[PDB]
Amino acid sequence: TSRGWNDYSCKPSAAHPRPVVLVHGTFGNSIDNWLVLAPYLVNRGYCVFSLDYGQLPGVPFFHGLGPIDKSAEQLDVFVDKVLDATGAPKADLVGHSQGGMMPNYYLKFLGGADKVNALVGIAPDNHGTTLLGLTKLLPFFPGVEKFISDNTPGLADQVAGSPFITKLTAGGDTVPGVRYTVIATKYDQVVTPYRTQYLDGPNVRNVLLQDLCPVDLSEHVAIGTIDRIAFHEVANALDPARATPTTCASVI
């Protein structure tokens, strides 16, 4: 097999020689965040893999809740396991929200630079957010509310000015060797101002969703779960040689 989703017998083809690792957001998991994007990439011939991270005992389905440094270590082990199995030298990473930000910890402090070619962030909180902003996720994930507080570490670590965010962004945003893409939406209600999602460096491409389609009004959750315009742009970043401009026509 040269395509699949969590199929560890998958072997990346010559057209798509790097396997893709998908990294969910806050309150997400390896399956539900990626019900549209994973098949979408499988149909374009990628070997796709998705991990669970930040699990809290007694809270199935809703992850990204444990300490984000520990989450980055889970990502570390998971990428090694995907590379050990596929044979490939490097993986490409796609992440939504927390999952677009957390891999920068792996890249910067756990030697992920070696093992990663590209990091694509969809609505990533790259310089953190507020607890108030994170509460705007709750209507999409009701039932998680009773198991969390302001001290839930996966939430507190995302707060702009936290010890975690301070450590992560003390130096520059990027690490040499890696191609970074950020896809943001101006209607983001969770991570504001939305420009703080953007990365800075020589090898960064920041993209505003509404530049691609002016009438795509996706907010924070939609952009990383169901938005095919966003996902077309993800497919461009994963294979820049065969990229084609993303317009409203990608909505199907």
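The first residue of the sequence shown is number 1, and the count goes up from there.
(request) Look up the CA B-factors in the entry and say which stretch, 91-99 or 111-119, has the higher mean. (result) Mean C-alpha B-factor is greater for 111-119.
(request) Name the one of 224, 28, 54, 45 with the greatest CA B-factor according to the PDB entry. (result) Answer for 224, 28, 54, 45: 45, with the highest C-alpha B-factor.
(message) Among the choices 126, 71, 151, 181, identify the one whose CA B-factor in the record is greatest.
(response) The record points to 151.
(message) By the recorded C-alpha temperature factor, relative to the other modelled residues in its chain, which third is residue 203 in?
(response) For residue 203, whose C-alpha B-factor we compare with every modelled residue in the chain, the answer is the highest third.
(message) Splitting the chain's C-alpha B-factors into thirds, which one does residue 138 fall into?
(response) Residue 138: CA B-factor falls in the lowest third of its chain.
(message) Which third, lowest, middle or highest, does the C-alpha temperature factor of residue 234 belong to within its own chain?
(response) CA B-factor rank for residue 234: lowest third.
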